[PDB]
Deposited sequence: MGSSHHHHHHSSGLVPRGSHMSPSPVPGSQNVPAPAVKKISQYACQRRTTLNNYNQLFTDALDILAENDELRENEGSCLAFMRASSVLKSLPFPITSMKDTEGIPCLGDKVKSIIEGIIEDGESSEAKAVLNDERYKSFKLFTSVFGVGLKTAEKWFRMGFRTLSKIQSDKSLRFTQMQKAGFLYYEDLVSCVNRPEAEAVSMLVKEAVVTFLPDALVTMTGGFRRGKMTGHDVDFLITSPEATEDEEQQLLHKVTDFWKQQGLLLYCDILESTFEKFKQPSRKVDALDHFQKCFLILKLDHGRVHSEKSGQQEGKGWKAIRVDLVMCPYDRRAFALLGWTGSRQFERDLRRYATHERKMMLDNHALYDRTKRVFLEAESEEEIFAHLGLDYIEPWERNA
């Protein structure tokens, strides 16, 4: 029996139900835009469970025994079986508000509120926004427009590996014992991504050394002329706080960057000679490295279901910093992700199996 939880499913990149899940993902995105959180969640859970199937749905009988498939979702599946298209997803793709929100939020630094503001001002194209002489842009949006074409082209694996080399070379210059791990989509086996994410941790660094590393590494890149954008968020981490009851917040020190990646550093099959790459770095205390790795690997749906399962099924509280057992009244320690899954009574799910 297929579990309702993504953390009890193996979800690999060979999606046999892309016709159904692309439509359900569009409908979920539109519900997010229309602030309908409930309908958004129902479409996301249905899309997630179909992504886990080892075969394509070709009839309504194939949906028997599958959880998270309500009446609304089954009507959408029936319509796609009928003529290979979703009339519901097609109407969203042609909606002017949806098209504007997708286009405007494709810019780094533009979220839901700014996209809504520009739409209500009558803007529909990025050309009209960028050339407007009355609009005022944040430093994040200025970088978003300046490096737009590079950032929208996405990052491939030779580029992600080239960025990994740069990150490791910079980090070990200040902390030679530091462990640098590529997380996010690339760790889940994806061929492309919108950014490259890393977890950095050091077994011997002090509290102050841990705090200064991201400042030292970004100053080094700024000196080399590689830092195109930088935003460092200071840590608000509390060693003895209970994990979140909430989409959990990450309190570790982190930075959101845009780096200049020279073409000569990329060893691939194939203009200006460089590409702007979105890079996120997270620094965590050594003892919390397994919780942080698990939270930063994703997918978002896998993380949500992991935390939901921990709370509802095990009376445990899980977040990126810790695992707390409410019955035993103890924090549970882990040196690896495998130990976290064992504490939760879950079969270990490999990172490439977390594409929920």
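- If you line the structure up with the deposited chain, the stretches without a C-alpha atom are 1 to 38, 285, 310 to 314.
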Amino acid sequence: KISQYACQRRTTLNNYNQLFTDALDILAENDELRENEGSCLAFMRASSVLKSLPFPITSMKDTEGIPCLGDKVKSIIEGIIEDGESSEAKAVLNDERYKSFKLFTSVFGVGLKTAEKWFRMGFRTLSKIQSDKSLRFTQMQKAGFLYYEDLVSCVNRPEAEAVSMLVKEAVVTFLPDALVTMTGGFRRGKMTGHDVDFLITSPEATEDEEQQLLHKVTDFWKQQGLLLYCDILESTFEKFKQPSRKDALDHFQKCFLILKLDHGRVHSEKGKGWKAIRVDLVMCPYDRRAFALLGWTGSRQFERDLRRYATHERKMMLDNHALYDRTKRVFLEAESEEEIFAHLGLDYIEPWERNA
From here on, numbers count along this sequence of modelled residues.
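Just so we're on the same page, rigid core means the largest C-alpha set that superposes within 1.5 Å between forms.
- Of 25 to 33 and 59 to 67, the stretch whose C-alpha atoms sit farther from the shown form in 7 other deposited structures of this protein, after fitting on the rigid core, is 25 to 33.
- Remark: stretch with higher mean C-alpha B factor among 81 to 89 and 155 to 163 is 81 to 89.
- Judged by mean Cα B factor in the deposited record, 237 to 245 ranks above the other of 131 to 139 and 237 to 245.
- Between the residues 99, 254, 190, 267, it is 267 that shows the highest Cα B-factor in the PDB record.
- Which of 312, 288, 51, 300 has the largest Cα B-factor in the deposited entry comes down to 312.
- Placement of the Cα temperature factor of residue 250 within the chain: highest third of the modelled residues, per the deposited record.
- Residue-level temperature factors show residue 183 in the lowest third of its chain, judged at the C-alpha atom.
- Residue-level temperature factors show residue 262 in the highest third of its chain, judged at the C-alpha atom.
- In this PDB entry, the Cα temperature factor of residue 335 sits in the top third of its chain's modelled residues, the highest group.
- Remark: residue 172 belongs to the highest third of its chain, ranked by C-alpha B-factor as recorded.
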